[PDB]
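The structure file upload01.pdb is reproduced below (PDB, C-alpha atoms).
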ATOM      1  CA  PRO V  81       0.000   0.000   0.000  1.00  0.00           C
ATOM      2  CA  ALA V  82       1.682   3.173  -1.329  1.00  0.00           C
ATOM      3  CA  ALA V  83       1.456   6.560   0.386  1.00  0.00           C
ATOM      4  CA  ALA V  84      -1.084   9.119  -0.908  1.00  0.00           C
ATOM      5  CA  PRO V  85       0.258  11.651  -3.444  1.00  0.00           C
ATOM      6  CA  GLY V  86       0.378  14.527  -0.940  1.00  0.00           C
ATOM      7  CA  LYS V  87       2.772  12.427   1.102  1.00  0.00           C
ATOM      8  CA  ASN V  88       5.044  11.501  -1.835  1.00  0.00           C
ATOM      9  CA  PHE V  89       5.022  14.988  -3.376  1.00  0.00           C
ATOM     10  CA  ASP V  90       5.281  18.452  -1.874  1.00  0.00           C
ATOM     11  CA  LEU V  91       1.696  19.620  -2.255  1.00  0.00           C
ATOM     12  CA  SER V  92       2.060  22.274   0.463  1.00  0.00           C
ATOM     13  CA  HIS V  93       1.275  24.950  -2.120  1.00  0.00           C
ATOM     14  CA  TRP V  94      -1.510  23.270  -4.085  1.00  0.00           C
ATOM     15  CA  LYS V  95      -5.181  22.532  -3.575  1.00  0.00           C
ATOM     16  CA  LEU V  96      -6.962  19.768  -5.500  1.00  0.00           C
ATOM     17  CA  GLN V  97     -10.107  20.461  -7.467  1.00  0.00           C
ATOM     18  CA  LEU V  98     -12.409  17.477  -8.040  1.00  0.00           C
ATOM     19  CA  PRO V  99     -15.053  16.220 -10.509  1.00  0.00           C
ATOM     20  CA  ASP V 100     -17.467  14.934  -7.885  1.00  0.00           C
ATOM     21  CA  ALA V 101     -21.032  16.197  -7.901  1.00  0.00           C
ATOM     22  CA  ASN V 102     -20.109  19.038  -5.450  1.00  0.00           C
ATOM     23  CA  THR V 103     -16.867  19.961  -7.303  1.00  0.00           C
ATOM     24  CA  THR V 104     -15.003  19.672  -3.999  1.00  0.00           C
ATOM     25  CA  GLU V 105     -11.666  21.308  -3.290  1.00  0.00           C
ATOM     26  CA  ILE V 106      -9.236  19.478  -1.035  1.00  0.00           C
ATOM     27  CA  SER V 107      -7.047  21.968   0.816  1.00  0.00           C
ATOM     28  CA  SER V 108      -3.259  21.826   0.908  1.00  0.00           C
ATOM     29  CA  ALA V 109      -3.495  20.752   4.562  1.00  0.00           C
ATOM     30  CA  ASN V 110      -5.713  17.783   3.670  1.00  0.00           C
ATOM     31  CA  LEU V 111      -3.492  16.816   0.766  1.00  0.00           C
ATOM     32  CA  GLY V 112      -0.632  16.768   3.277  1.00  0.00           C
ATOM     33  CA  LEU V 113      -2.597  14.538   5.671  1.00  0.00           C
ATOM     34  CA  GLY V 114      -2.890  11.973   2.889  1.00  0.00           C
ATOM     35  CA  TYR V 115      -6.123  12.585   0.950  1.00  0.00           C
ATOM     36  CA  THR V 116      -6.696   9.967  -1.712  1.00  0.00           C
ATOM     37  CA  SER V 117      -9.723   8.703  -3.669  1.00  0.00           C
ATOM     38  CA  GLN V 118     -10.846   7.305  -7.033  1.00  0.00           C
ATOM     39  CA  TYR V 119     -10.023  10.746  -8.470  1.00  0.00           C
ATOM     40  CA  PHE V 120      -6.531  11.098  -7.077  1.00  0.00           C
ATOM     41  CA  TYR V 121      -4.220   8.279  -6.091  1.00  0.00           C
ATOM     42  CA  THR V 122      -0.743   6.859  -6.137  1.00  0.00           C
ATOM     43  CA  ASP V 123      -0.337   4.145  -8.781  1.00  0.00           C
ATOM     44  CA  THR V 124       2.024   1.155  -8.533  1.00  0.00           C
ATOM     45  CA  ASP V 125       4.756   3.147 -10.351  1.00  0.00           C
ATOM     46  CA  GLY V 126       4.439   5.870  -7.700  1.00  0.00           C
ATOM     47  CA  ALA V 127       2.806   8.391 -10.023  1.00  0.00           C
ATOM     48  CA  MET V 128       0.391  10.959  -8.713  1.00  0.00           C
ATOM     49  CA  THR V 129      -2.610   9.859 -10.801  1.00  0.00           C
ATOM     50  CA  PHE V 130      -5.685  11.906 -11.668  1.00  0.00           C
ATOM     51  CA  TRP V 131      -8.937  10.290 -12.881  1.00  0.00           C
ATOM     52  CA  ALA V 132     -11.968  12.258 -14.041  1.00  0.00           C
ATOM     53  CA  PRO V 133     -15.217  11.120 -15.658  1.00  0.00           C
ATOM     54  CA  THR V 134     -16.813  13.127 -18.496  1.00  0.00           C
ATOM     55  CA  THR V 135     -20.048  12.938 -16.449  1.00  0.00           C
ATOM     56  CA  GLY V 136     -18.379  14.720 -13.507  1.00  0.00           C
ATOM     57  CA  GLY V 137     -19.251  17.996 -11.861  1.00  0.00           C
ATOM     58  CA  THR V 138     -18.231  21.264 -13.498  1.00  0.00           C
ATOM     59  CA  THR V 139     -17.670  24.630 -11.831  1.00  0.00           C
ATOM     60  CA  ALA V 140     -18.626  28.185 -12.783  1.00  0.00           C
ATOM     61  CA  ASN V 141     -14.996  28.802 -13.859  1.00  0.00           C
ATOM     62  CA  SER V 142     -14.583  25.478 -15.757  1.00  0.00           C
ATOM     63  CA  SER V 143     -16.292  24.200 -18.959  1.00  0.00           C
ATOM     64  CA  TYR V 144     -15.501  20.556 -18.229  1.00  0.00           C
ATOM     65  CA  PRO V 145     -14.889  18.244 -15.256  1.00  0.00           C
ATOM     66  CA  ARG V 146     -11.448  18.084 -13.678  1.00  0.00           C
ATOM     67  CA  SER V 147      -9.266  16.365 -11.157  1.00  0.00           C
ATOM     68  CA  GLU V 148      -6.600  19.035 -11.113  1.00  0.00           C
ATOM     69  CA  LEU V 149      -4.154  20.816  -8.801  1.00  0.00           C
ATOM     70  CA  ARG V 150      -4.513  24.566  -8.383  1.00  0.00           C
ATOM     71  CA  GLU V 151      -1.468  26.490  -7.132  1.00  0.00           C
ATOM     72  CA  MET V 152      -1.814  28.114  -3.697  1.00  0.00           C
ATOM     73  CA  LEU V 153       0.911  30.628  -2.933  1.00  0.00           C
ATOM     74  CA  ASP V 154      -0.991  30.983   0.311  1.00  0.00           C
ATOM     75  CA  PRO V 155      -2.324  27.570   1.353  1.00  0.00           C
ATOM     76  CA  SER V 156      -5.300  29.221   3.118  1.00  0.00           C
ATOM     77  CA  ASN V 157      -6.159  32.001   0.658  1.00  0.00           C
ATOM     78  CA  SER V 158      -6.912  31.465  -3.037  1.00  0.00           C
ATOM     79  CA  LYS V 159      -6.777  35.252  -3.626  1.00  0.00           C
ATOM     80  CA  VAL V 160      -2.976  35.279  -3.326  1.00  0.00           C
ATOM     81  CA  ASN V 161      -1.506  34.852  -6.804  1.00  0.00           C
ATOM     82  CA  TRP V 162       1.553  35.915  -8.819  1.00  0.00           C
ATOM     83  CA  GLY V 163       2.142  38.710 -11.312  1.00  0.00           C
ATOM     84  CA  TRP V 164       3.541  39.099 -14.814  1.00  0.00           C
ATOM     85  CA  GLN V 165       6.831  40.593 -13.513  1.00  0.00           C
ATOM     86  CA  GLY V 166       9.731  38.332 -12.498  1.00  0.00           C
ATOM     87  CA  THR V 167      10.250  34.632 -13.230  1.00  0.00           C
ATOM     88  CA  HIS V 168       7.614  32.006 -12.513  1.00  0.00           C
ATOM     89  CA  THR V 169       8.341  28.421 -13.442  1.00  0.00           C
ATOM     90  CA  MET V 170       6.535  25.089 -13.307  1.00  0.00           C
ATOM     91  CA  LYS V 171       8.346  21.899 -14.175  1.00  0.00           C
ATOM     92  CA  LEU V 172       6.743  18.485 -14.417  1.00  0.00           C
ATOM     93  CA  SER V 173       7.113  15.023 -15.862  1.00  0.00           C
ATOM     94  CA  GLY V 174       4.216  12.760 -16.632  1.00  0.00           C
ATOM     95  CA  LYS V 175       2.131  10.843 -19.139  1.00  0.00           C
ATOM     96  CA  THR V 176      -1.472  10.569 -20.244  1.00  0.00           C
ATOM     97  CA  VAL V 177      -2.721   6.995 -19.961  1.00  0.00           C
ATOM     98  CA  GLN V 178      -6.400   7.197 -20.957  1.00  0.00           C
ATOM     99  CA  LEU V 179      -8.440   9.662 -23.002  1.00  0.00           C
ATOM    100  CA  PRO V 180     -12.149  10.532 -23.081  1.00  0.00           C
ATOM    101  CA  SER V 181     -14.144  10.044 -26.297  1.00  0.00           C
ATOM    102  CA  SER V 182     -13.206  13.589 -27.411  1.00  0.00           C
ATOM    103  CA  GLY V 183      -9.529  12.461 -27.357  1.00  0.00           C
ATOM    104  CA  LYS V 184      -8.442  15.650 -25.586  1.00  0.00           C
ATOM    105  CA  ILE V 185      -7.433  16.562 -22.015  1.00  0.00           C
ATOM    106  CA  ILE V 186      -5.628  19.518 -20.491  1.00  0.00           C
ATOM    107  CA  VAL V 187      -2.656  18.447 -18.363  1.00  0.00           C
ATOM    108  CA  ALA V 188      -1.267  21.814 -17.213  1.00  0.00           C
ATOM    109  CA  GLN V 189      -2.240  25.487 -17.175  1.00  0.00           C
ATOM    110  CA  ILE V 190      -1.388  28.992 -16.204  1.00  0.00           C
ATOM    111  CA  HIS V 191      -4.717  30.581 -15.342  1.00  0.00           C
ATOM    112  CA  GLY V 192      -5.475  34.314 -14.969  1.00  0.00           C
ATOM    113  CA  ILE V 193      -7.301  35.623 -11.939  1.00  0.00           C
ATOM    114  CA  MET V 194      -8.406  39.027 -10.665  1.00  0.00           C
ATOM    115  CA  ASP V 195      -7.057  40.614  -7.488  1.00  0.00           C
ATOM    116  CA  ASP V 196     -10.434  40.063  -5.829  1.00  0.00           C
ATOM    117  CA  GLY V 197     -10.179  36.343  -6.598  1.00  0.00           C
ATOM    118  CA  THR V 198     -12.715  36.404  -9.419  1.00  0.00           C
ATOM    119  CA  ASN V 199     -12.083  34.457 -12.614  1.00  0.00           C
ATOM    120  CA  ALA V 200     -10.121  35.757 -15.549  1.00  0.00           C
ATOM    121  CA  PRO V 201      -9.209  33.919 -18.735  1.00  0.00           C
ATOM    122  CA  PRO V 202      -6.783  31.015 -18.907  1.00  0.00           C
ATOM    123  CA  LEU V 203      -3.381  32.144 -20.148  1.00  0.00           C
ATOM    124  CA  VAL V 204      -1.662  28.836 -21.026  1.00  0.00           C
ATOM    125  CA  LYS V 205      -3.468  25.527 -21.626  1.00  0.00           C
ATOM    126  CA  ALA V 206      -1.409  22.406 -22.321  1.00  0.00           C
ATOM    127  CA  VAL V 207      -3.837  20.465 -24.521  1.00  0.00           C
ATOM    128  CA  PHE V 208      -2.914  16.786 -24.959  1.00  0.00           C
ATOM    129  CA  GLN V 209      -4.151  14.629 -27.826  1.00  0.00           C
ATOM    130  CA  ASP V 210      -2.749  11.308 -29.007  1.00  0.00           C
ATOM    131  CA  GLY V 211       0.199  12.398 -31.121  1.00  0.00           C
ATOM    132  CA  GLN V 212       0.418  16.105 -30.269  1.00  0.00           C
ATOM    133  CA  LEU V 213       0.471  18.494 -27.342  1.00  0.00           C
ATOM    134  CA  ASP V 214      -0.652  22.045 -28.092  1.00  0.00           C
ATOM    135  CA  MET V 215       0.499  24.620 -25.527  1.00  0.00           C
ATOM    136  CA  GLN V 216      -2.145  27.288 -26.218  1.00  0.00           C
ATOM    137  CA  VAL V 217      -1.360  30.841 -25.128  1.00  0.00           C
ATOM    138  CA  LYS V 218      -4.375  33.208 -25.063  1.00  0.00           C
ATOM    139  CA  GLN V 219      -4.010  36.434 -27.082  1.00  0.00           C
ATOM    140  CA  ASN V 220      -6.471  38.847 -25.420  1.00  0.00           C
ATOM    141  CA  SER V 221      -6.594  39.518 -21.692  1.00  0.00           C
ATOM    142  CA  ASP V 222     -10.373  40.086 -22.193  1.00  0.00           C
ATOM    143  CA  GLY V 223     -10.902  36.348 -22.591  1.00  0.00           C
ATOM    144  CA  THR V 224     -12.555  37.034 -25.954  1.00  0.00           C
ATOM    145  CA  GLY V 225     -11.020  35.549 -29.098  1.00  0.00           C
ATOM    146  CA  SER V 226      -8.457  32.863 -29.669  1.00  0.00           C
ATOM    147  CA  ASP V 227      -5.161  31.270 -28.684  1.00  0.00           C
ATOM    148  CA  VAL V 228      -1.636  31.269 -30.041  1.00  0.00           C
ATOM    149  CA  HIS V 229      -1.038  27.606 -30.870  1.00  0.00           C
ATOM    150  CA  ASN V 230       2.269  25.893 -30.105  1.00  0.00           C
ATOM    151  CA  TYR V 231       2.407  22.369 -31.448  1.00  0.00           C
ATOM    152  CA  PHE V 232       4.595  19.646 -30.046  1.00  0.00           C
ATOM    153  CA  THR V 233       4.244  16.640 -32.348  1.00  0.00           C
ATOM    154  CA  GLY V 234       5.369  13.058 -31.622  1.00  0.00           C
ATOM    155  CA  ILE V 235       3.937  12.703 -28.137  1.00  0.00           C
ATOM    156  CA  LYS V 236       1.738   9.610 -28.040  1.00  0.00           C
ATOM    157  CA  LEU V 237      -0.745   8.273 -25.510  1.00  0.00           C
ATOM    158  CA  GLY V 238       1.409   6.578 -22.857  1.00  0.00           C
ATOM    159  CA  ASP V 239       4.620   8.455 -23.721  1.00  0.00           C
ATOM    160  CA  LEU V 240       6.603  10.137 -20.979  1.00  0.00           C
ATOM    161  CA  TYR V 241       6.672  13.911 -21.385  1.00  0.00           C
ATOM    162  CA  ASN V 242       8.783  16.517 -19.683  1.00  0.00           C
ATOM    163  CA  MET V 243       7.246  19.946 -19.489  1.00  0.00           C
ATOM    164  CA  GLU V 244       8.187  23.418 -18.373  1.00  0.00           C
ATOM    165  CA  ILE V 245       5.837  26.419 -18.394  1.00  0.00           C
ATOM    166  CA  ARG V 246       7.558  29.689 -17.528  1.00  0.00           C
ATOM    167  CA  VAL V 247       6.516  33.324 -17.359  1.00  0.00           C
ATOM    168  CA  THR V 248       9.353  35.844 -17.382  1.00  0.00           C
ATOM    169  CA  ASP V 249       8.256  39.498 -17.373  1.00  0.00           C
ATOM    170  CA  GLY V 250       5.157  38.859 -19.465  1.00  0.00           C
ATOM    171  CA  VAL V 251       6.739  36.370 -21.822  1.00  0.00           C
ATOM    172  CA  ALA V 252       5.434  32.786 -21.774  1.00  0.00           C
ATOM    173  CA  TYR V 253       8.038  30.084 -22.495  1.00  0.00           C
ATOM    174  CA  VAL V 254       6.402  26.767 -23.191  1.00  0.00           C
ATOM    175  CA  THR V 255       8.609  23.669 -23.327  1.00  0.00           C
ATOM    176  CA  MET V 256       7.855  20.047 -24.178  1.00  0.00           C
ATOM    177  CA  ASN V 257      10.702  17.553 -24.245  1.00  0.00           C
ATOM    178  CA  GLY V 258      13.417  20.176 -24.703  1.00  0.00           C
ATOM    179  CA  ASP V 259      11.562  22.055 -27.440  1.00  0.00           C
ATOM    180  CA  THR V 260      10.904  25.647 -26.318  1.00  0.00           C
ATOM    181  CA  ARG V 261       8.387  28.107 -27.854  1.00  0.00           C
ATOM    182  CA  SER V 262       7.762  31.658 -26.672  1.00  0.00           C
ATOM    183  CA  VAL V 263       4.807  34.031 -26.769  1.00  0.00           C
ATOM    184  CA  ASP V 264       5.146  37.611 -25.576  1.00  0.00           C
ATOM    185  CA  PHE V 265       1.648  37.913 -24.149  1.00  0.00           C
ATOM    186  CA  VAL V 266       2.210  41.248 -22.345  1.00  0.00           C
ATOM    187  CA  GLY V 267       3.781  42.739 -25.509  1.00  0.00           C
ATOM    188  CA  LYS V 268       0.649  41.686 -27.460  1.00  0.00           C
ATOM    189  CA  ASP V 269      -1.851  42.953 -24.897  1.00  0.00           C
ATOM    190  CA  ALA V 270      -0.844  45.272 -22.043  1.00  0.00           C
ATOM    191  CA  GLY V 271      -4.065  44.219 -20.282  1.00  0.00           C
ATOM    192  CA  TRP V 272      -2.267  41.063 -19.102  1.00  0.00           C
ATOM    193  CA  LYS V 273      -0.357  43.328 -16.687  1.00  0.00           C
ATOM    194  CA  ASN V 274      -3.648  43.883 -14.829  1.00  0.00           C
ATOM    195  CA  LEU V 275      -4.185  40.210 -14.026  1.00  0.00           C
ATOM    196  CA  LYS V 276      -2.568  37.758 -11.632  1.00  0.00           C
ATOM    197  CA  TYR V 277      -1.793  34.095 -12.319  1.00  0.00           C
ATOM    198  CA  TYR V 278      -1.653  30.603 -10.846  1.00  0.00           C
ATOM    199  CA  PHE V 279      -0.298  27.313 -12.137  1.00  0.00           C
ATOM    200  CA  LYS V 280      -2.420  24.181 -12.551  1.00  0.00           C
ATOM    201  CA  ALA V 281      -1.531  20.571 -13.263  1.00  0.00           C
ATOM    202  CA  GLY V 282      -3.583  17.388 -13.452  1.00  0.00           C
ATOM    203  CA  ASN V 283      -6.455  16.201 -15.602  1.00  0.00           C
ATOM    204  CA  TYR V 284      -8.925  18.707 -16.996  1.00  0.00           C
ATOM    205  CA  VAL V 285     -10.991  16.461 -19.219  1.00  0.00           C
ATOM    206  CA  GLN V 286     -12.114  18.164 -22.482  1.00  0.00           C
ATOM    207  CA  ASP V 287     -15.293  16.105 -22.788  1.00  0.00           C
ATOM    208  CA  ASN V 288     -18.562  16.624 -20.873  1.00  0.00           C
ATOM    209  CA  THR V 289     -20.694  14.103 -22.764  1.00  0.00           C
ATOM    210  CA  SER V 290     -22.782  11.359 -21.155  1.00  0.00           C
ATOM    211  CA  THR V 291     -21.011   8.673 -23.166  1.00  0.00           C
ATOM    212  CA  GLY V 292     -17.498  10.201 -23.061  1.00  0.00           C
ATOM    213  CA  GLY V 293     -16.012   7.844 -20.488  1.00  0.00           C
ATOM    214  CA  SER V 294     -13.097   9.150 -18.464  1.00  0.00           C
ATOM    215  CA  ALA V 295      -9.441  10.147 -18.572  1.00  0.00           C
ATOM    216  CA  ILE V 296      -6.295   9.297 -16.603  1.00  0.00           C
ATOM    217  CA  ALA V 297      -3.204  11.491 -16.373  1.00  0.00           C
ATOM    218  CA  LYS V 298      -0.095  10.890 -14.248  1.00  0.00           C
ATOM    219  CA  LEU V 299       2.721  13.010 -12.829  1.00  0.00           C
ATOM    220  CA  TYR V 300       6.142  11.682 -11.760  1.00  0.00           C
ATOM    221  CA  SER V 301       7.444  15.089 -10.655  1.00  0.00           C
ATOM    222  CA  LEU V 302       6.004  18.569 -10.089  1.00  0.00           C
ATOM    223  CA  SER V 303       7.729  21.740  -8.886  1.00  0.00           C
ATOM    224  CA  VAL V 304       7.096  25.474  -8.877  1.00  0.00           C
ATOM    225  CA  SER V 305       9.531  28.311  -8.334  1.00  0.00           C
ATOM    226  CA  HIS V 306       8.971  32.046  -8.115  1.00  0.00           C
ATOM    227  CA  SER V 307      11.307  35.026  -8.045  1.00  0.00           C
ATOM    228  CA  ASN V 308      11.011  38.672  -9.023  1.00  0.00           C
ATOM    229  CA  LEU V 309      14.286  38.369 -10.952  1.00  0.00           C
ATOM    230  CA  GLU V 310      14.406  38.104 -14.791  1.00  0.00           C
ATOM    231  CA  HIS V 311      15.350  34.582 -15.912  1.00  0.00           C
ATOM    232  CA  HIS V 312      14.696  34.141 -19.640  1.00  0.00           C
ATOM    233  CA  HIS V 313      14.881  30.933 -21.622  1.00  0.00           C
TER     234      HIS V 313
END

Would you kindly transcribe this structure into structure tokens?
Amino acid sequence: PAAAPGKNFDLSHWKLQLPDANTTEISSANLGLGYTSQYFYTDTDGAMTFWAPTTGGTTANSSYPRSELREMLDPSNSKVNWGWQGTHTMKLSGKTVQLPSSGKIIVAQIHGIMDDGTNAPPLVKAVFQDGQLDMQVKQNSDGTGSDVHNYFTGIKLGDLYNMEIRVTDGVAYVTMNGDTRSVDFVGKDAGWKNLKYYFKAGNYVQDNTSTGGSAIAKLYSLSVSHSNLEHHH
């Protein structure tokens, strides 16, 4: 019997958002005590494993069900988030093991948020499909319109991926398996300066259909670092 993921990994600065009927959020403290369920468990290879059904609960700020970590700079206050200035880096390794009928899940994000804690658009969405990961960077801070697409081909269902998502002074650097692509989001829209951000990682299942089944994503490592210095890449 393996330890729960919040024992194996440092989840002191994450909460877990679930696809149960109530769209429950497990606090960092409860992750640390060893929370585990059908949605979130340690597999035999040790991976922190996220399962979400397409029939799951959905929240006001999410189009689809999720079993997904949400970064908590302050483990007891979701209104504490980071800015466009400085260097903000998430590194992970993982794989997607099962897809919903739509064939598409989101496995990491940077999400915008207002100072008051209210929703703002997603900034980066790491969209996995069998054969390609697309690290979508939103153009407008309004949340209207489309994404800058960044295609990483050759990543199959079951393949190990290594990912880094970095913001350095309003520039997004998106990296899959050593291939780095940049989008100057602040340069494109100064409105991004008026938002704050948080990282996410897990399984945000891009299928809400009755017959869509479920998805499984795994992480083998997950780390976040923040500094108001200027580390480009």

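If you look at CA of residue 252 in chain V and CA of residue 172 in chain V, they are 16.1 Å away from each other.
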
Contacts of range 183-189 of chain V within 7 Å, only C-alpha atoms, excl. fewer than 2 positions in-chain, as a list in words: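 Those residues are residues 179, 180, 181, 191, 204, 205, 206, 207, 208, 209, 279, 280, 281, 282, 283, 284, 285 and 286 of chain V.
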
Residues returned when the PyMOL selection byres ((chain V and resi 216) around 9) runs on this file, as a PyMOL selection string: chain V and resi 203-207+214-215+217-218+227-231

Picked residues, the PyMOL selection byres ((chain V and resi 143) around 10), expected as a list in words: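 Selection result, ordered by chain and number: residues 137, 138, 139, 140, 141, 142, 144, 145, 146, 284, 285, 286, 287 and 288 of chain V.
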
Given the PyMOL selection byres ((chain V and resi 196) around 12), the residues it picks as a list in words: residues 157, 158, 159, 160, 161, 192, 193, 194, 195, 197, 198, 199, 200, 274, 275 and 276 of chain V

Residues near residue 147 in chain V, anyone? I mean within 8 Å using only C-alpha atoms, not counting same-chain ones fewer than 2 positions away, as a short mmCIF file (atom, residue, chain, number, x, y, z; two decimals) with C-alpha atoms, keeping the file's coordinate frame.
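Once written, part-v8.cif looks like this:
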data_model
loop_
_atom_site.label_atom_id
_atom_site.label_comp_id
_atom_site.auth_asym_id
_atom_site.auth_seq_id
_atom_site.Cartn_x
_atom_site.Cartn_y
_atom_site.Cartn_z
CA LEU V 96 -6.96 19.77 -5.50
CA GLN V 97 -10.11 20.46 -7.47
CA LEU V 98 -12.41 17.48 -8.04
CA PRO V 99 -15.05 16.22 -10.51
CA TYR V 119 -10.02 10.75 -8.47
CA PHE V 120 -6.53 11.10 -7.08
CA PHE V 130 -5.68 11.91 -11.67
CA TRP V 131 -8.94 10.29 -12.88
CA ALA V 132 -11.97 12.26 -14.04
CA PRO V 145 -14.89 18.24 -15.26
CA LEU V 149 -4.15 20.82 -8.80
CA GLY V 282 -3.58 17.39 -13.45
CA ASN V 283 -6.46 16.20 -15.60
CA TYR V 284 -8.93 18.71 -17.00
#

Shell around range 100-111 of chain V at 6 Å using all atoms listed in the file, local window under 5 positions removed, as a list in words: residues 86, 92, 94, 95, 136, 137 and 155 of chain V

Just C-alpha atoms for this one: save the residues we selected as a compact mmCIF listing (two decimals), in the frame of the given file.
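again-v7.txt written:
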# COMPACT_ATOMS: atom_id res chain seq x y z
CA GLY V 86 0.38 14.53 -0.94
CA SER V 92 2.06 22.27 0.46
CA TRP V 94 -1.51 23.27 -4.08
CA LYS V 95 -5.18 22.53 -3.58
CA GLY V 136 -18.38 14.72 -13.51
CA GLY V 137 -19.25 18.00 -11.86
CA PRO V 155 -2.32 27.57 1.35

Selection near residue 129 in chain V, 7 Å with all atoms listed in the file, sequence-local residues under 3 positions removed, as an MDAnalysis selection string: chainID V and resid 120:123 296:299

Nearest to residue 273 in chain V, chosen from V:253, V:89, V:164, V:115, with only C-alpha atoms counted in the distances: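 That would be V:164, the residue with the smallest distance to residue 273 in chain V.
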
Long-range neighbours of residue 260 in chain V as a ChimeraX atom specification, 12 Å cut-off, all atoms listed in the file, 3 positions minimum in chain: /V:215,230-232,242-246,252-257,263,312-313

Work out where the centre of an axis-aligned box around every listed atom of range 129-146 of chain V lies and how long its edges are once 6 Å is added on each side; give both in Å to one decimal as lines of an AutoDock Vina configuration file.
center_x = -11.3
center_y = 19.3
center_z = -14.9
size_x = 29.4
size_y = 30.9
size_z = 20.2

Ref. answer, residues at most 9 Å from (-7.3, 38.2, -24.8) with all atoms listed in the file, as a list in words: residues 201, 203, 218, 219, 220, 221, 222, 223, 224, 225, 226, 227, 265, 269, 271 and 272 of chain V

For CA of residue 171 in chain V and CA of residue 270 in chain V, the interatomic separation in Å (one decimal):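 Computing it gives 26.3 Å between the two atoms.
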
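As for CA of residue 114 in chain V and CA of residue 173 in chain V, they are spaced 21.5 Å apart.
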
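Comparing V:277, V:295, V:174, V:267 by their smallest distance to residue 239 in chain V, the closest is V:174 (using all atoms listed in the file).
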
Save C-alpha atoms of range 255-288 of chain V from the block above as a CSV table (one decimal), in the first residue's frame.
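result-v5.csv, written as the output of this step:
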chain,number,residue,atom,x,y,z
V,255,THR,CA,8.6,23.7,-23.3
V,256,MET,CA,7.9,20.0,-24.2
V,257,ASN,CA,10.7,17.6,-24.2
V,258,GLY,CA,13.4,20.2,-24.7
V,259,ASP,CA,11.6,22.1,-27.4
V,260,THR,CA,10.9,25.6,-26.3
V,261,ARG,CA,8.4,28.1,-27.9
V,262,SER,CA,7.8,31.7,-26.7
V,263,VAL,CA,4.8,34.0,-26.8
V,264,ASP,CA,5.1,37.6,-25.6
V,265,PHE,CA,1.6,37.9,-24.1
V,266,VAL,CA,2.2,41.2,-22.3
V,267,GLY,CA,3.8,42.7,-25.5
V,268,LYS,CA,0.6,41.7,-27.5
V,269,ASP,CA,-1.9,43.0,-24.9
V,270,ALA,CA,-0.8,45.3,-22.0
V,271,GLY,CA,-4.1,44.2,-20.3
V,272,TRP,CA,-2.3,41.1,-19.1
V,273,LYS,CA,-0.4,43.3,-16.7
V,274,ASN,CA,-3.6,43.9,-14.8
V,275,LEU,CA,-4.2,40.2,-14.0
V,276,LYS,CA,-2.6,37.8,-11.6
V,277,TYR,CA,-1.8,34.1,-12.3
V,278,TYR,CA,-1.7,30.6,-10.8
V,279,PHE,CA,-0.3,27.3,-12.1
V,280,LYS,CA,-2.4,24.2,-12.6
V,281,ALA,CA,-1.5,20.6,-13.3
V,282,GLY,CA,-3.6,17.4,-13.5
V,283,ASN,CA,-6.5,16.2,-15.6
V,284,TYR,CA,-8.9,18.7,-17.0
V,285,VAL,CA,-11.0,16.5,-19.2
V,286,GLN,CA,-12.1,18.2,-22.5
V,287,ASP,CA,-15.3,16.1,-22.8
V,288,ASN,CA,-18.6,16.6,-20.9
